[PDB]
Amino acid sequence: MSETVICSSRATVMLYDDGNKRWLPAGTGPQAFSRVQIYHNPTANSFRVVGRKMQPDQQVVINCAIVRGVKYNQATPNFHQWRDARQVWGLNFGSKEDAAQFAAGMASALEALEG
């Protein structure tokens, strides 16, 4: 299998546009939540998020890498916004378990990457 996934949460990934101060659908225009999973690649001691929509289309809404530099902010019980380089990946969740599970793996990444 492609690398070793960490966790999986239900949410509609969102990309912030500091240029205009607001959020913006990471993937394409349409929306309908997405199954985002984290990738645990210890071969290089690095992590990366990967999520796709929940429709026959199957499109990745998130595909970035996190390495001892991003720290989950968690705006609300059902939201996770982190600042990596210059962008912001604020994904909106649908259920408590989603936002809770998502941070589960992630938190592990930021912990095995930072120290």
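Within each chain the numbering goes from 1 in written sequence order, not necessarily matching the entry, and residues lacking coordinates are not shown. Just so you know, side-chain values use all the structure's heavy atoms and leave hydrogens and water out.

In the nomenclature of the PDB entry, the protein corresponds to VASODILATOR-STIMULATED PHOSPHOPROTEIN from the organism Homo sapiens. The record for the entry shows the title "SOLUTION STRUCTURE OF THE ENA-VASP HOMOLOGY 1 (EVH1) DOMAIN OF HUMAN VASODILATOR-STIMULATED PHOSPHOPROTEIN (VASP)".

Peer 1: Pulling in residues and values, what's your account of the pairing of strand β4 (residues 60-66)?
Peer 2: In this analysis, strands are considered paired if DSSP registers two or more bridges between them. Labels follow the DSSP assignment, with helices taken as runs of H or I lasting at least four residues and strands as runs of E lasting at least two, numbered in each case from the N terminus. Where strand β3 (residues 46-53) lies against β4, six bridges are found, and the strand directions are antiparallel. Bridge pairing in β4 links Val49 to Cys64. The hairpin formed by β3 and β4 contains six residues between the paired strands, and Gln58 there has a positive phi angle of roughly 60°.

Peer 1: Give a description of the UniProt feature "domain: WH1" in the protein that names residues and reports values.
Peer 2: UniProt positions are given in the numbering used here, feature names are shortened, and annotations may be inferred rather than shown by experiment. Within the UniProt annotation, "domain: WH1" is assigned to residues 2-113. A distance of 20 Å separates the end C-alpha atoms of residues 2-113, which is 16% helix and 38% strand.

Peer 1: Report on the packing of aromatic side chains, specifying residues and quantitative values.
Peer 2: Aromatic rings from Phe, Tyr and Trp, with only the six-membered ring used for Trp, were paired whenever their centres fell within 6.5 Å, and each pair was classed as stacked if the ring planes differed by under 30 degrees, edge-to-face if by over 60, and tilted otherwise. Following the criterion strictly, the structure yields six aromatic pairs and no others. Aromatic pair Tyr72 and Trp82: ring centres 4.6 Å apart, planes at 15°, arrangement stacked. Note that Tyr72 is positioned in the loop between β4 and β5 (79-83) and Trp82 in strand β5, a separation of 10 residues in sequence. Just as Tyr72 is buried, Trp82 falls in that class too. Every member of this aromatic cluster is reached through a ring pair, and the members are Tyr72, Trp82, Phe93 and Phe102. Each residue is assigned to one of three classes by its accessible area relative to the maximum for its type, calculated with a 1.4 Å probe on protein chains only: buried under 20%, partly exposed between the two thresholds, exposed over 50%.

Peer 1: Give a detailed account of the sheet that holds β3, specifying residues and quantitative values.
Peer 2: Note: strands within a sheet are paired through backbone hydrogen bonds, in either parallel or antiparallel orientation. Read across the open sheet, the six strands follow the order β4-β3-β2-β1-β6-β5; overall the sheet is antiparallel. Each having just a single partner strand, β4 and β5 make up the two edges of the open sheet. Averaged over all pairs of adjacent strands, the angle between their axes in this sheet comes to 25°, without regard to strand direction. Helix-sheet contacts for helix α1 (residues 96-114) involve β1 (5-12), β2 (34-41), β3, β4, β5 and β6 (88-93), and the interaxial angle to β1 is about 140°. Note on geometry: axes are C-alpha line fits, over the in-contact stretch for helices, and angles between N-to-C directions span 0 to 180 degrees. By the convention used here, residues are in contact when the closest approach between their heavy atoms is within 4.5 Å.

Peer 1: How would you explain the environment of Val61 if you had to name every residue and give the values?
Peer 2: Summarising the element assignment, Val61 is placed in strand β4. For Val61, a relative accessible area of 4% corresponds to the buried category. For the pair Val61 and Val36, spaced 25 residues apart in the sequence, the C-alpha separation amounts to 8.2 Å.

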